[PDB]
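Asker: Here you go, this is model_8.cif (mmCIF, C-alpha atoms and all ligand atoms).
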```cif
data_data
#
loop_
_atom_site.label_atom_id
_atom_site.label_comp_id
_atom_site.auth_asym_id
_atom_site.auth_seq_id
_atom_site.Cartn_x
_atom_site.Cartn_y
_atom_site.Cartn_z
CA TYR Y 613 -10.83 -30.60 -32.44
CA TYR Y 614 -13.87 -32.03 -30.63
CA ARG Y 615 -16.04 -30.24 -33.16
CA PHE Y 616 -13.63 -31.15 -35.96
CA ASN Y 617 -13.01 -34.85 -35.27
CA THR Y 618 -16.66 -35.84 -35.04
CA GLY Y 619 -17.60 -38.67 -37.38
CA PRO Y 620 -15.76 -40.35 -40.26
CA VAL Y 621 -12.89 -37.88 -39.96
CA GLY Y 622 -10.24 -39.46 -37.77
CA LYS Y 623 -7.57 -38.26 -35.36
CA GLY Y 624 -4.77 -37.36 -37.78
CA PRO Y 625 -3.11 -33.93 -38.05
CA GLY Y 626 -5.36 -32.53 -40.79
CA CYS Y 627 -6.80 -29.41 -39.11
CA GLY Y 628 -5.82 -25.89 -39.96
CA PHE Y 629 -8.28 -23.55 -38.28
CA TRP Y 630 -5.60 -21.10 -37.15
CA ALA Y 631 -7.96 -18.08 -36.88
CA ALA Y 632 -8.53 -18.56 -33.14
CA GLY Y 633 -4.87 -18.86 -32.11
CA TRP Y 634 -4.01 -16.15 -34.63
CA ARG Y 635 -6.41 -13.75 -32.86
CA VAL Y 636 -5.01 -14.81 -29.49
CA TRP Y 637 -1.41 -14.08 -30.44
CA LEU Y 638 -2.19 -10.82 -32.20
CA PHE Y 639 -4.03 -9.59 -29.12
CA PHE Y 640 -0.85 -10.48 -27.26
CA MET Y 641 1.09 -8.21 -29.62
CA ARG Y 642 -1.46 -5.40 -29.16
CA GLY Y 643 -0.39 -5.12 -25.53
CA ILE Y 644 3.23 -6.24 -25.77
CA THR Y 645 3.99 -3.45 -28.28
CA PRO Y 646 4.16 -0.57 -25.70
CA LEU Y 647 6.18 -2.66 -23.24
CA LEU Y 648 8.74 -3.70 -25.84
CA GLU Y 649 8.94 -0.25 -27.43
CA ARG Y 650 9.72 1.18 -23.98
CA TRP Y 651 12.21 -1.58 -23.12
CA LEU Y 652 14.00 -1.43 -26.47
CA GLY Y 653 14.01 2.36 -26.35
CA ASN Y 654 15.77 2.25 -22.99
CA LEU Y 655 18.16 -0.42 -24.31
CA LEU Y 656 19.10 1.76 -27.30
CA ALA Y 657 19.24 4.88 -25.14
CA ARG Y 658 21.62 3.21 -22.70
CA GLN Y 659 23.76 1.94 -25.57
CA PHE Y 660 23.99 5.34 -27.29
CA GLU Y 661 23.74 7.74 -24.32
CA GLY Y 662 25.58 5.74 -21.71
CA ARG Y 663 24.57 4.59 -18.25
CA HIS Y 664 23.78 7.27 -15.68
CA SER Y 665 25.57 6.14 -12.51
CA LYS Y 666 23.70 7.65 -9.54
CA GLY Y 667 21.17 9.79 -11.35
CA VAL Y 668 17.82 8.43 -10.16
CA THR J 3 38.96 2.52 5.70
CA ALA J 4 36.51 0.39 3.72
CA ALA J 5 34.11 0.23 6.66
CA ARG J 6 33.56 3.92 7.46
CA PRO J 7 30.71 6.33 8.31
CA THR J 8 29.56 9.25 6.15
CA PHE J 9 30.03 12.65 7.99
CA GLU J 10 28.64 14.40 4.88
CA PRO J 11 25.82 13.43 2.48
CA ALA J 12 25.74 13.26 -1.30
CA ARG J 13 24.56 16.59 -2.68
CA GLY J 14 21.73 17.01 -5.16
CA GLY J 15 21.76 18.91 -8.42
CA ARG J 16 23.88 16.63 -10.66
CA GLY J 17 21.57 13.92 -12.01
CA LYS J 18 18.50 13.22 -14.21
CA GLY J 19 16.40 16.38 -14.03
CA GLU J 20 18.84 18.78 -12.38
CA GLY J 21 19.85 21.77 -14.50
CA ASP J 22 19.39 20.63 -18.09
CA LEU J 23 17.33 17.44 -17.46
CA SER J 24 20.78 15.77 -17.41
CA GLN J 25 21.14 16.96 -21.03
CA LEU J 26 17.80 15.53 -22.21
CA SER J 27 18.09 11.75 -21.86
CA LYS J 28 15.81 9.30 -23.68
CA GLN J 29 15.64 6.94 -20.69
CA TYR J 30 12.51 6.82 -18.56
CA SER J 31 11.17 4.56 -15.83
CA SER J 32 7.88 2.71 -15.82
CA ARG J 33 7.02 4.85 -12.78
CA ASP J 34 7.41 7.94 -15.01
CA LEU J 35 4.62 7.08 -17.46
CA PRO J 36 1.47 9.27 -17.37
CA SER J 37 -0.68 8.45 -14.35
CA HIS J 38 -3.22 10.52 -12.38
CA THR J 39 -3.07 13.29 -14.97
CA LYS J 40 -6.01 15.20 -13.49
CA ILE J 41 -6.00 17.07 -10.17
CA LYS J 42 -9.19 16.49 -8.22
CA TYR J 43 -10.48 19.62 -6.51
CA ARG J 44 -12.66 20.17 -3.47
CA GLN J 45 -16.36 20.35 -4.30
CA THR J 46 -18.91 22.62 -2.63
CA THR J 47 -19.97 20.08 -0.01
CA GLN J 48 -16.49 18.82 0.78
CA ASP J 49 -14.43 21.78 2.08
CA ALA J 50 -14.01 24.24 -0.86
CA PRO J 51 -12.25 27.53 0.07
CA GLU J 52 -15.39 29.52 -0.76
CA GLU J 53 -17.19 27.65 2.04
CA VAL J 54 -14.24 27.80 4.47
CA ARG J 55 -13.86 31.58 4.21
CA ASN J 56 -17.13 32.73 5.80
CA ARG J 57 -17.23 30.05 8.51
CA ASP J 58 -16.88 30.94 12.19
CA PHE J 59 -14.83 28.00 13.42
CA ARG J 60 -14.84 28.75 17.15
CA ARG J 61 -18.59 28.37 17.67
CA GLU J 62 -18.73 25.08 15.75
CA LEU J 63 -15.63 23.80 17.53
CA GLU J 64 -17.12 24.67 20.92
CA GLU J 65 -20.37 22.94 19.94
CA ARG J 66 -18.57 19.76 18.85
CA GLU J 67 -16.45 19.90 22.02
CA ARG J 68 -19.62 20.20 24.11
CA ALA J 69 -21.25 17.28 22.28
CA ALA J 70 -18.15 15.12 22.74
CA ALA J 71 -18.00 15.93 26.46
CA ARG J 72 -21.73 15.21 26.76
CA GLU J 73 -21.29 11.86 24.99
CA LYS J 74 -18.39 10.96 27.29
CA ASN J 75 -20.53 11.99 30.28
CA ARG J 76 -23.61 10.02 29.20
CA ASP J 77 -21.50 6.94 28.54
CA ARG J 78 -20.07 7.09 32.07
CA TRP J 188 -18.20 -29.59 51.73
CA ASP J 189 -14.42 -29.06 52.04
CA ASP J 190 -14.42 -26.21 54.50
CA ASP J 191 -11.12 -27.61 55.81
CA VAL J 192 -8.81 -26.28 53.09
CA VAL J 193 -5.64 -24.60 54.33
CA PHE J 194 -6.03 -21.40 52.27
CA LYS J 195 -9.11 -19.16 52.36
CA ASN J 196 -10.18 -16.60 49.77
CA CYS J 197 -6.92 -14.97 48.70
CA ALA J 198 -8.61 -12.49 46.34
CA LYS J 199 -11.12 -10.55 48.44
CA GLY J 200 -11.39 -7.12 46.80
CA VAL J 201 -9.36 -7.50 43.60
CA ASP J 202 -11.77 -5.94 41.08
CA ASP J 203 -9.42 -6.55 38.12
CA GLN J 204 -7.01 -3.68 38.98
CA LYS J 205 -7.13 -1.65 35.77
CA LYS J 206 -3.68 -2.19 34.24
CA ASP J 207 -5.34 -2.21 30.80
CA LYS J 208 -6.22 1.47 31.19
CA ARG J 209 -2.62 2.50 31.90
CA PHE J 210 -0.31 3.43 29.05
CA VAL J 211 3.44 3.36 29.69
CA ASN J 212 6.10 5.12 27.59
CA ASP J 213 8.58 2.28 28.04
CA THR J 214 8.89 -0.63 25.63
CA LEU J 215 10.21 -2.94 28.36
CA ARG J 216 7.69 -2.13 31.10
CA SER J 217 4.59 -1.64 28.93
CA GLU J 218 1.47 -3.75 29.28
CA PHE J 219 1.57 -4.81 25.63
CA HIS J 220 5.14 -6.00 26.03
CA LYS J 221 4.35 -7.95 29.21
CA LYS J 222 1.47 -9.63 27.37
CA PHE J 223 3.86 -10.26 24.45
CA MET J 224 6.53 -11.91 26.59
CA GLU J 225 3.88 -13.88 28.48
CA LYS J 226 2.46 -15.19 25.21
CA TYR J 227 5.51 -15.93 23.11
CA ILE J 228 7.90 -17.65 25.55
CA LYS J 229 7.10 -20.78 27.53
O1 LIG H 701 -2.45 -36.83 -26.47
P1 LIG H 701 -3.70 -36.29 -25.84
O2 LIG H 701 -3.54 -35.77 -24.43
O3 LIG H 701 -4.93 -37.12 -26.07
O4 LIG H 701 -3.98 -34.97 -26.69
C1 LIG H 701 -3.33 -34.80 -27.94
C2 LIG H 701 -2.39 -33.60 -27.86
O5 LIG H 701 -3.14 -32.43 -27.56
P2 LIG H 701 -3.36 -31.95 -26.04
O6 LIG H 701 -2.43 -30.77 -25.88
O7 LIG H 701 -4.82 -31.59 -25.98
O8 LIG H 701 -2.97 -33.14 -25.22
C3 LIG H 701 -1.68 -33.43 -29.18
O9 LIG H 701 -0.86 -32.26 -29.14
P3 LIG H 701 0.73 -32.36 -28.95
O10 LIG H 701 0.99 -31.61 -27.67
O11 LIG H 701 0.99 -33.84 -28.87
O12 LIG H 701 1.31 -31.72 -30.18
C4 LIG H 701 -2.68 -33.28 -30.32
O13 LIG H 701 -1.97 -33.28 -31.54
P4 LIG H 701 -1.53 -31.89 -32.20
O14 LIG H 701 -1.76 -30.90 -31.11
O15 LIG H 701 -0.08 -32.12 -32.55
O16 LIG H 701 -2.43 -31.77 -33.40
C5 LIG H 701 -3.70 -34.41 -30.36
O17 LIG H 701 -4.69 -34.12 -31.35
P5 LIG H 701 -5.26 -35.29 -32.29
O18 LIG H 701 -4.58 -36.51 -31.71
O19 LIG H 701 -6.75 -35.24 -32.10
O20 LIG H 701 -4.81 -34.95 -33.68
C6 LIG H 701 -4.38 -34.60 -29.02
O21 LIG H 701 -5.20 -35.77 -29.08
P6 LIG H 701 -6.71 -35.80 -28.53
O22 LIG H 701 -7.42 -34.78 -29.38
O23 LIG H 701 -7.14 -37.22 -28.80
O24 LIG H 701 -6.60 -35.45 -27.08
#
```
Translate this file's structure into structure tokens.
Ligand SMILES: O=P(O)(O)O[C@H]1[C@H](OP(=O)(O)O)[C@@H](OP(=O)(O)O)[C@H](OP(=O)(O)O)[C@@H](OP(=O)(O)O)[C@H]1OP(=O)(O)O
Answerer:
Amino acid sequence: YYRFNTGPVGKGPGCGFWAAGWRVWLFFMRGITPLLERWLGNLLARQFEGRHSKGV
Amino acid sequence: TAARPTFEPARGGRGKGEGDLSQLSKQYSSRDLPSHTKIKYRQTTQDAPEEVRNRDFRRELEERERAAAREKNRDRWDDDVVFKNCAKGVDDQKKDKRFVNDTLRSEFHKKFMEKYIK
């Protein structure tokens, strides 16, 4: 925004440069994918296999 | 009743890896992910069993024992006041060399109780 709102261009909304935040949130997904695949796999495996009482 | 001791433990062989891998579950911990998947082995300088096999241990042990014993050897106005010198020959009385197998009469515990209670 400091580079965007420099001269005659004011301080309205008017700024879609979503590439930076887009990269930031996709690099979040890059690492959250194993964690959520493991967590959702255990969720589905407990729902369809049952809970093991004193197994571990 | 409710509050009771054990008098026998729980036996193993009936859960998660015991006979049929508990019939092949699809549940796994985060502590069960791959980690340290490579056994490190002893190198030639460390203590590899090729080097340990030919070694005479008694001569080297006696030499290190001799060197340790040699190191331990080479290491080692108002005259009118109503009370005179009360400590004449008290040359610090080596309590800090003694070690006592008693948690109530130890030196560390006496220092502890001297420090932490006023
Ligand atoms: O109100 P300020 O502290 O001066 O800062 C605001 C605030 O952004 P910050 O998070 O940096 O404070 C606004 O964000 P909101 O949290 O209010 O949504 C933002 O507007 P948008 O983020 O909605 O675009 C706006 O930007 P601008 O007013 O330049 O359009 C920006 O103002 P400054 O850039 O003057 O700090």
Asker: Please identify all protein, DNA and RNA residues within 10 Å of ligand LIG 701 (chain H), counting only C-alpha atoms and all ligand atoms, and report them as a PDB file with C-alpha atoms, in the coordinates of the input.
Answerer:
```
ATOM      1  CA  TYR Y 613     -10.830 -30.600 -32.440  1.00  0.00           C
ATOM      2  CA  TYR Y 614     -13.870 -32.030 -30.630  1.00  0.00           C
ATOM      3  CA  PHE Y 616     -13.630 -31.150 -35.960  1.00  0.00           C
ATOM      4  CA  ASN Y 617     -13.010 -34.850 -35.270  1.00  0.00           C
ATOM      5  CA  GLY Y 622     -10.240 -39.460 -37.770  1.00  0.00           C
ATOM      6  CA  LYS Y 623      -7.570 -38.260 -35.360  1.00  0.00           C
ATOM      7  CA  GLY Y 624      -4.770 -37.360 -37.780  1.00  0.00           C
ATOM      8  CA  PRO Y 625      -3.110 -33.930 -38.050  1.00  0.00           C
ATOM      9  CA  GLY Y 626      -5.360 -32.530 -40.790  1.00  0.00           C
ATOM     10  CA  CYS Y 627      -6.800 -29.410 -39.110  1.00  0.00           C
ATOM     11  CA  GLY Y 628      -5.820 -25.890 -39.960  1.00  0.00           C
TER      12      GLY Y 628
END
```
Asker: Show me a table, sorted first by chain and then by increasing residue number, of the residues of chain Y having an atom at most 7 Å from chain J, each with its shortest atom pair and the distance in Å to one decimal, counting only C-alpha atoms and written as a tab-separated table.
Answerer:
```
residue	atom	partner	partner_atom	distance
Y:654	CA	J:29	CA	5.2
Y:657	CA	J:28	CA	5.8
Y:667	CA	J:17	CA	4.2
Y:668	CA	J:18	CA	6.3
```
Asker: Provide the CA of residue 66 in chain J to CA of residue 54 in chain J distance in Å, to one decimal place.
Answerer: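 Straight-line distance from CA of residue 66 in chain J to CA of residue 54 in chain J works out to 17.0 Å.
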Asker: Rounded to one decimal in Å, what is the spacing between CA of residue 642 in chain Y and CA of residue 37 in chain J?
Answerer: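 For CA of residue 642 in chain Y relative to CA of residue 37 in chain J, the distance reads 20.3 Å.
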Asker: Can you tell me how far CA of residue 199 in chain J sits from CA of residue 221 in chain J, in Å to one decimal?
Answerer: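 Interatomic distance here is 24.8 Å.
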